[PDB]
């Protein structure tokens, strides 16, 4: 019986396989049917020999529909050609170069081949029932074979060597597509994939994103590390909640003004000065604007849903517009031109704050923020600490890095408690102040 074969496999491998209701790629188990027949088997992370040692036991399981051999570093998958009943196959995280044996698996609807050494995907042309296909982190350049797979809905091809994506043009049922870390410049073939909901294109050489304009079902779009300066095409993508545009050449963000469903926006390492277009984005909870040319941040005042805000490496001076942000929990302001941090004392939800590499002399206003669990004040001209610094429940560190749960000093020209006291920790600082209070 099918269960007796499980016993043989267990015995041959010297391991234990357990029943599950749903086979997962990392499963070390099997699934049984209402007739006690093995419909699935997972042999995740058993060894490179695994396929060789138990091919026959697998061949004798006739209702076997799902097989995982993830994370075995298997180099030869020739034996699998026998198993033409398979509809789901996990071969990710192996050492496969030749996938010719997989052309025999005519009933495959789900295939995972992440993290192998594949260049030729000609053998996949005949697998028309495929709906989910993972080919990321291989060595693929030619994706012509994919033009036949018209029932594909999820396709991953990130981390290959692809420049030509024209073969995807007729894959109109595709809703999730990953194409990051490739050699892509022309994305015109994507203009026809109108039911895409998630698209990733980061680390390519895209300049012209005009073809994205019609892709109105997009909710999630990754475009970081490209050569994009013109984002006018994005204006029409009204369903977007998550948008990543870091490491581009953007100056004008006016087309984002209308993207009212955005909750997460990353615009790091561009050349933005004017952020006036962000004032209407009232659902924005996470905003990354680090590494730009910003000085005026008045437009952020009305963004009351903001819980996380990265503004480090700009030229900001006046931070009073942030005073309204009641829900702000994490604020990064490193490497700006700030001198006065008094208005930050109204940030009632603030827990993590970095003010390093500014020109701040007086941090006494921070004493009111009992909510703070960590803050960073390295490289500021602070000379005297107020007694109220012991009122926080965080240890004090002297290091050149930020750390949560701690107050961090470095290269501050401290005089009142001088550095020699501060380097000793929270208790030394308390006793310093205590020894001069009790003598008063």
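Positions refer to the first chain, counted from 1.
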Name the higher of the two by mean Cα B-factor in the PDB entry, 73-81 versus 139-147. 73-81
Regarding 225-233 and 101-109, which shows the higher C-alpha temperature factor on average in the entry? 101-109
For the CA B factor values reported in this entry, which option in 312, 181, 356, 368 has the top one? 368
Sorting the chain's modelled residues by C-alpha B-factor, tell me whether residue 30 ends up in the lowest, middle or highest third. highest
Third of the chain, ranked by Cα B-factor, where residue 252 sits: lowest
Which third, lowest, middle or highest, does the C-alpha temperature factor of residue 204 belong to within its own chain? lowest
Going by what the PDB entry lists, where does residue 194 fall on CA B-factor within its chain: lowest, middle or highest third? middle
Please say which third, lowest, middle or highest, residue 308 falls into when its CA temperature factor is compared across its chain. lowest
